[PDB]
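Quick reminder, even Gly has a Cβ in these numbers, built from the backbone with ideal geometry, and neighbours come from all protein chains shown. Nothing in this text is a laboratory measurement; each read-out follows from the coordinates by a stated rule.
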Amino acid sequence: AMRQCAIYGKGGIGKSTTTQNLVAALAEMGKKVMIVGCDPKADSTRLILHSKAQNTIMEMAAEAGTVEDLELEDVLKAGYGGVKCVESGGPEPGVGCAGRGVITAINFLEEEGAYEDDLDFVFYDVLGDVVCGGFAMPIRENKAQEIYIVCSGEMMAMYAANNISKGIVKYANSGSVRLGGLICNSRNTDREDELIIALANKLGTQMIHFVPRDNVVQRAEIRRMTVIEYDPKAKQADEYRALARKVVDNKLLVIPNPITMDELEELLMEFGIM
Amino acid sequence: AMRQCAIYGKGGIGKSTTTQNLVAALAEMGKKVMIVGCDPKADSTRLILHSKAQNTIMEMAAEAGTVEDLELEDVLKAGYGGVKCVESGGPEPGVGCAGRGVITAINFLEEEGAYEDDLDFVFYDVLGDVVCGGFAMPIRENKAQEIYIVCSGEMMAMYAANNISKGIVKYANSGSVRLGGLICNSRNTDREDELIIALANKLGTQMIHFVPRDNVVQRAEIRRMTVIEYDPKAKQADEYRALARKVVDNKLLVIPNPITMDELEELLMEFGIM
Amino acid sequence: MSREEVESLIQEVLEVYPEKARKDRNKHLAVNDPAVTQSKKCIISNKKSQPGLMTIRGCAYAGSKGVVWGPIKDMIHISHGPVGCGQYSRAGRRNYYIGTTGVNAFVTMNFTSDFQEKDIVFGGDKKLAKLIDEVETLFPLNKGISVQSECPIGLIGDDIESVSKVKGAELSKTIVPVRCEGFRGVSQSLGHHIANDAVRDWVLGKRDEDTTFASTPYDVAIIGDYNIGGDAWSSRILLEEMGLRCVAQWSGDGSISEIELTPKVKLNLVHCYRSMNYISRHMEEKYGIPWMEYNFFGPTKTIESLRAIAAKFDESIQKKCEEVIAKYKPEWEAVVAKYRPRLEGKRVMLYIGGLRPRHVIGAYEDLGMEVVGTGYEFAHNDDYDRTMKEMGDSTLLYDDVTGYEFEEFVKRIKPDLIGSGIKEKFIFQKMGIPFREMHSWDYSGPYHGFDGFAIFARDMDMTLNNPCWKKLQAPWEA
Amino acid sequence: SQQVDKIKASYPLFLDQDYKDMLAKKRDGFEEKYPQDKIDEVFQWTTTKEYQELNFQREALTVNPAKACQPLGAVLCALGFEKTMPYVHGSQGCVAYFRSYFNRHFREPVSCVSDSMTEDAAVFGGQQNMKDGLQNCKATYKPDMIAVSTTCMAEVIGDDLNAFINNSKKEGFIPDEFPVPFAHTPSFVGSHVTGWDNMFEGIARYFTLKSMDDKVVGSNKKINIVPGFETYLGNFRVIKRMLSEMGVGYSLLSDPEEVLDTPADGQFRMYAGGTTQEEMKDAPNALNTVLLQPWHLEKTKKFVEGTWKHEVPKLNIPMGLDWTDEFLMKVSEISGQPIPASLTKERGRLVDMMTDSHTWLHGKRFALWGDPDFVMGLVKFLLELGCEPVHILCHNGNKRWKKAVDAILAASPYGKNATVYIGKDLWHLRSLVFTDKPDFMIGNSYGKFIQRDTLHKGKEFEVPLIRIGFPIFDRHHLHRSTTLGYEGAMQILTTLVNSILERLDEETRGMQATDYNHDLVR
Ligand SMILES: Nc1ncnc2c1ncn2[C@@H]1O[C@H](COP(=O)(O)OP(=O)(O)O)[C@@H](O)[C@H]1O
Ligand SMILES: Nc1ncnc2c1ncn2[C@@H]1O[C@H](COP(=O)(O)OP(=O)(O)O)[C@@H](O)[C@H]1O
Ligand code: ICS
Ligand code: CLF
Ligand code: SF4
Ligand code: ALF
Ligand code: ALF
Ligand SMILES: [Fe+3]
Ligand SMILES: [Mg+2]
Ligand SMILES: [Mg+2]
């Protein structure tokens, strides 16, 4: 096994929380999963660890000098379901260079084992603004083999998904990484499912699942814990379980086919009104 | 005159659309307003230009060779209500450096006049993920003097606002930039008004306005234009006009006072439940 | 040697290139034609270098720190960024200066921030502030500080301007931030421009409200002379003997004080137009100081330039110029009588940077040599317009020449002497052609004035007529 | 004025009376220079203990470092392969500086290319630059292999070398079978020796990682030799000579000796003999791999031990007597070849020279600096000679190397007055040689300024410099010297003893003052 996936999408579309809930659903299923947060803000592994992870790779390397002096134990922590959680460090906003930090953190993880273990899934939660190659690092040769893009009915999410596919193309051509499918996070747009399925078809990919917009996730996140852990009986927990099952059983992996601005505009005009 | 404001906030919170609607309302008030998009995604001026303008600074500098062979009229355009729109170019996701592109665009605009006009307002719409010093360029010494943060009831949004205030602290100590206030674009959280009010009080700033979540904004954005142009008699248009009047009459410019992680956790554990 | 032969050689050399590279490189090779001063003569310059072709151009950091700012003595110049950039640039240029190095002169030393991973990831503004504090602590007698940026500084958006402003206000020191990131521009020329802009913005206007300086009707400033081997001193002795009072030297054996005193002079004698025309024009537009170009390479050019300079003042200066020319005439007459027979009719090809490929032609002609080919690394079209009137008919002009192009041109033309930099010296010595370093004067000099013309003639004779060139071929071969 | 018969260059031209007067007038009129008394006071202060403590309290400012960036070492490693072009993906100024540095050290042509990434490539990435540069370089200079390094600009923005090269091959810019090994060499990590390590690891992984199925250790009955960052051609020459004299089959990987010593015969050879692709491909079949410089070949050692399954011996650099003995004994153990009588005679002659010069060498105090392995071997040889290496400096050293050198020093009675400094530059060393004055200092050309500084404090405080290391810019053809083995030990011994004797002869040349000790026989 040892399947490596990378979660991309528009900023604020919910890649982090959806990824954490999916990983928890895998953990309840007996899968050994490890999350890696490729974000300057260390908010991608809070739900599993029930707290903000202060032992980030880049910050601990800065405290101890060079990342070579670091060790995996000082930064690798376990959480709900035995899910190992690693977080890349990052500067405070508006200073430094976070992409270089993500590159260094991923290289440090690759050298000091981490991936070479009995994990079944390795997830890379990436930020919504991939502004440099440092945040495309999880899409390099021996890294995440599947890419899941979290989208929504709002037009801006569609355009962000198209842009991210444009960026993915250059790594998919030169490597084995493929776009596994689109994940739809509901935002109460009019024709959500129609727009998402049409955009997936135009991109040449599929919609893995439709995660509804429910207020339970806010309550679960306020408690610093996953929805499946907060309310296993809830409907959203069932939706996350179904999303996990569909993700595990996904076999469609294609090179994205990006569409220009005019094609997206006409698709949105046809599928987004009334 | 010659006021200068920047727009920051959590990614996907609605900085671009709120900025465009504010600008349209100000232009309806007979003001002369300029907007600069500091996002590699050239989407900050669409609703005014009614099109995804391809005359971004960076790609046209590429077409013209060096930045030294670039002319202001080549990349500067007018939109609805006489609003001047300039877009900073950027690479496709996962390659290059967008912070450098923002630096180059801002420096080019400063060198070739641009703001040396009679314009009342200059807005800087910045991306959600401020990961380097390039995206804090609008916050330098002779740039935007007041910063508005668009947020919502989600705690990742308020953590993003706290981090952005942490970033603003350094540029406010070394300059004259100040935090004008917090704009709230509702995402139908349970206790949204109280939560954002408490966050503003903790940060030492104020609630400048509240923007209800209305699908009229999405419908207008499908038609490549703002709510003011789509429906001048809509209630959302009235709210945007009220927000524009508030920012015109705003006078509380305060250095941010960032809070710790535990303080934020208590803030939404007391103000986010029930 | 005819036009058609040179054009055929150009096409034959370009034949090896790919289509895009050939199409670009065809525009940078030309055959000289006098009475034609424009960019129409199939020669364009100041363009992007074609990737992977072994260019000789440097970076904007080299053009700012290594050229314009580095020779300033009583100033500490900090290579802000990773180590290496300032290590290769350390003491590689021969901008001569007088001073006690390490206490009141810092030209030879190498100050850097030595960026690590954490400096890139978390920024280096606080490190820059601490560095400035340590510089002030350990080197009290410094009269200023400049911060020369490198590539990561410009990429990660470090605010060196704010740090410079705050630390200068706190310590009452002049701190000049230079945004000379290497990837900026296409060559050292943008470094020249950025350095001139920094001079104008942070140093030039310091003495604007000060009138304590005693002006003289004979105040001149030497602009664009960096004292390579003592060239600025050789020019200055002539100018001061002929009657003027050289207030400033830009920027060789020069201090920050004379840079600030330059706005008080009557005339600006510009030697390197390419690197300093920006500040010359700025001073002309702001303080109304006329600027004129001059050439001090060889007796003919230096006599003509001295007369042209003296024409700008009263008749006493012209009389003194006549006396100084008469005094120095027999010396260069003896030099030419000694060395011209040994060097008559020899053909020279040159490839230097922005000014010297056309300025040294007069000195070579005064020795009986003909320059049958010349080229620039980073010159603009005004430099080529000036060059086209100085260079011979049907002679090769090259812009940003590649290693392959230069090798093929030298193989076909078969010159007697080549004047270029360190990166071609051993290439062309291997092929058996005498080589002269025209950047550092092969660790000799000066070459300005008559005192420099003597050394120039001696070095040309020494290299051209060395017996080693007669022994390249082993006797048991043909 | 110039006499036509006797032409004076800048020295001594500018010591003339007219030049002296003009310079004095200029300084007094327009320089605003501090009074000479203030300058003398400040200098005397700079040569003190209080200034030394202030200088050693530095944490952000680096003055006169002794190290370069990784792509320089990557280029040096790439130059050691047959018909290989070094290709630095990034900005052209870096490549210009690398070529100037190596040209000034070796006085040889140095070929390296860049894709000339600019502001546009900085913003949009340099993949188009990679494609165009690879195609242009292959078309023009016709190499058999292009080895790609990186500039700090490309490392910051995270340019993917693998993806860019794969896209260049897949779009037809270069043949799919053409070898383009790559290495990421960030200039803000390590130093030039780290770049050498990274480049060699990249080339080895390019040629060996996929074809590991059919390889058997010891098949070709050879020993792989990895020399690391080396700038003395005599070192390669002596290693090859010693192995050949011993009748040992060897494969010296990354051999730049031929390309850096091309004959001048009227023809320019851009490529000379180097390590072939067949040698690199057959390297896993060797009996074992020996690392000449194990303190900057950590990544290479890890790759060789993990992939090729070679048990790399724990050998020091073969510098001096003891370590050359261990190197030869280990090579004999690995290959089964007895050590010949020629090497025994050479060792005996080295011992004889040591015995002859011990009286002059004994007790001398040396400051020294350089790369980790070179510094370690020099300290070992100095302890063998009976000298005292008082100041040991290594800018690009680490805690483990410092511990190793401290253990070496503690094993000898001559290491009692020795201190090892890591992360210190040559301003620190200038303070040290002013405070704790040694007899000599062994280092590159950058030490000459330090010597000048000492001479300003007085002729009795001057610390002469012995030019051993990299780079050496103010002397000619010193790169042909040998440092490794018995031959290198003899050369270093001769240099040290004759430097001591030159200094003693200079100090006793004053007639009627000190010439009573101007001995003809020494
Ligand atoms: N399906 C959903 N329904 C309602 N709210 C959601 C949903 N998914 C995420 N959220 C909200 O989004 C917030 C976190 O956003 P975040 O995960 O940082 O966005 P992204 O990861 O998409 O950039 C949480 O507070 C949560 O309440
Ligand atoms: N007040 C609002 N009412 C309804 N929808 C909104 C509102 N504000 C934003 N949106 C939706 O959210 C999306 C925000 O996208 P954008 O403005 O690009 O976010 P940001 O610029 O903050 O990353 C838009 O597609 C818009 O349809
Ligand atoms: S400054 Fe320029 S490349 Fe005008 S960067 Fe270069 S010491 Fe050259 S032809 Mo080295 S434009 Fe000076 C020059 Fe000329 S360093 Fe010197 S010789 S007269
Ligand atoms: S084009 Fe110019 S010289 Fe090059 S880096 Fe850029 S400013 Fe500098 Fe610097 S440390 Fe080494 S030499 Fe470079 S790879 Fe970076
Ligand atoms: S855009 Fe990426 S590479 Fe460029 S400065 Fe920001 S984090 Fe660094
Ligand atoms: F997951 Al984010 F901004 F924190 F897109
Ligand atoms: F997602 Al944005 F500006 F378009 F933060
Ligand atoms: Fe040589
Ligand atoms: Mg997230
Ligand atoms: Mg936006």
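Remarks
- Built amide H within the under 5 Å cut-off of D:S251, gap 5+: D:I223, D:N224, D:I225
- The ranking of D:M511, B:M58 from fewest to most other beta carbons within 10 Å of each one's beta carbon is D:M511, B:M58.
- Cα gyration tensor, the stretch C:124-260 - rounded (a/c under 1.5), prolate or oblate: prolate
- Within straight-line cross-link reach of D:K33, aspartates and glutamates at Cα separation under 13 Å, skipping those fewer than 8 residues along the same chain: C:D74, C:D253, C:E258
- Over 32 Å apart at the Cα level, from the set B:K15/B:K170; D:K170/D:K299; C:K430/D:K301; B:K52/D:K131, are C:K430/D:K301.
- Estimated 222 nm signal from helices in chain C, with DSSP H stretches of n ≥ 4 weighted -39500 (n - 2.57), rounded to 500: -12500 deg cm²/dmol
- Per-residue Karplus couplings for the stretch C:147-153, computed as 6.51 cos²θ - 1.76 cosθ + 1.60 with θ equal to phi - 60°, are listed in order as 10, 8, 6, 10, 4, x, 4 Hz, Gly and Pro entered as x.
- Neighbour cut-off at most 14 other Cβ (10 Å), DSSP loop, trypsin sites (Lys or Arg not before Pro), the stretch D:217-268: D:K221
- Peptide A:162-171 - average C-beta neighbours from other chains (10 Å radius): 4
- Angle between chain A longest axis and helix A:15-28 axis [Cα atoms, degrees, rounded to 10]: 70 degrees
- Note on the stretch D:121-205: dipole from Cβ charges, positive end direction compared against D:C152, D:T194, D:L134; the farthest Cα belongs to D:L134.
- Filtered GluC sites (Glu not before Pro), the stretch C:1-56: DSSP coil and at most 13 other beta carbons within 10 Å: C:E15
- Out-of-range pairs (alpha-carbon distance over 32 Å; input C:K320/C:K425; B:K84/B:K233; C:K118/C:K173): C:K320/C:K425
- Pairs beyond 28 Å (Cα-Cα), from D:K221/D:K402; D:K364/D:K457; D:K83/D:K221: D:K221/D:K402
- Per-residue HN-Hα couplings for the stretch D:398-409 [Karplus 6.51, -1.76, 1.60; θ = phi - 60°; Hz; x = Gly/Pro]: 9, 5, 5, 5, 4, 5, 4, 5, 5, 5, 4, 5
- Simple spin-label estimate for D:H362 and A:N201 in nanometres, 7 Å along Cα-Cβ: 9.6 nm
- Euclidean distance of C-alpha centroids, the stretch D:327-350 and the stretch D:469-522, integer Å: 29 Å
- Amide H contacts of A:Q145 (H built 1.01 Å from N, under 5 Å, at least 5 apart or other chain): A:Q4, A:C5
- Once backbone amide H atoms are built at 1.01 Å from N, D:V113 has D:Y87, D:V88 as its partners under 5 Å, excluding neighbours fewer than 5 places away on the same chain.
- What separates the Cα centres of the stretch C:66-109 and the stretch C:304-369 is a distance of 31 Å.
- Shape call, chain D: gyration tensor on alpha carbons, a/c limit 1.5: oblate
- Value of [θ]222 nm, deg cm²/dmol, for chain D, DSSP H segments ≥ 4, -39500 (n - 2.57) each, nearest 500: -14500 deg cm²/dmol
- In a simple Cβ point-charge model (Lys, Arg +1; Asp, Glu -1; nothing else charged), the stretch B:69-219 has a dipole of about 840 debye relative to its Cα centre.
- Likely footprinting exposure, D:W369, D:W360, fewest C-beta neighbours within 10 Å first: D:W360, D:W369
- Shape of the stretch D:69-214, Cα gyration tensor, a/c cut at 1.5: rounded
- Alpha-carbon centroid distance for the pair the stretch D:83-128 / the stretch D:254-294, whole angstrom: 21 Å
- Note on D:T231, B:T260, C:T212, C:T463: ascending count of other Cβ atoms within 10 Å places them as C:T212, B:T260, C:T463, D:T231, the fewest first.
- Here r is the Cβ-Cβ distance between C:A326 and C:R281 and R0 is 35 Å; the resulting FRET efficiency, rounded to 0.05, is 0.50.
- Nearest-ten-degree value, helix D:192-208 long axis tilted from longest Cα axis of chain D: 10 degrees
- Only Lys, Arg, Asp and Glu carry charge here, each on its Cβ (+1 for the first two, -1 for the last two); on that basis chain A has a dipole of about 640 debye about its Cα centre.
- Using alpha-carbon coordinates, inclination of helix B:155-173 to the longest axis of chain B, degrees: 60 degrees
- This model, with +1 at the C-beta of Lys and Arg and -1 at the C-beta of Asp and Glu, gives the protein assembly as shown a dipole about its Cα centre of some 1020 debye.
- In a DSSP loop and with at most 11 other Cβ atoms within 10 Å, the trypsin sites (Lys or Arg not before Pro) in the stretch A:239-274 are A:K251.
- Residue-wise HN-Hα coupling along the stretch C:227-237, computed from phi with Karplus coefficients 6.51, -1.76, 1.60 (Hz; x: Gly, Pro): 6, 6, x, x, 4, 5, 5, 5, 5, 5, 5
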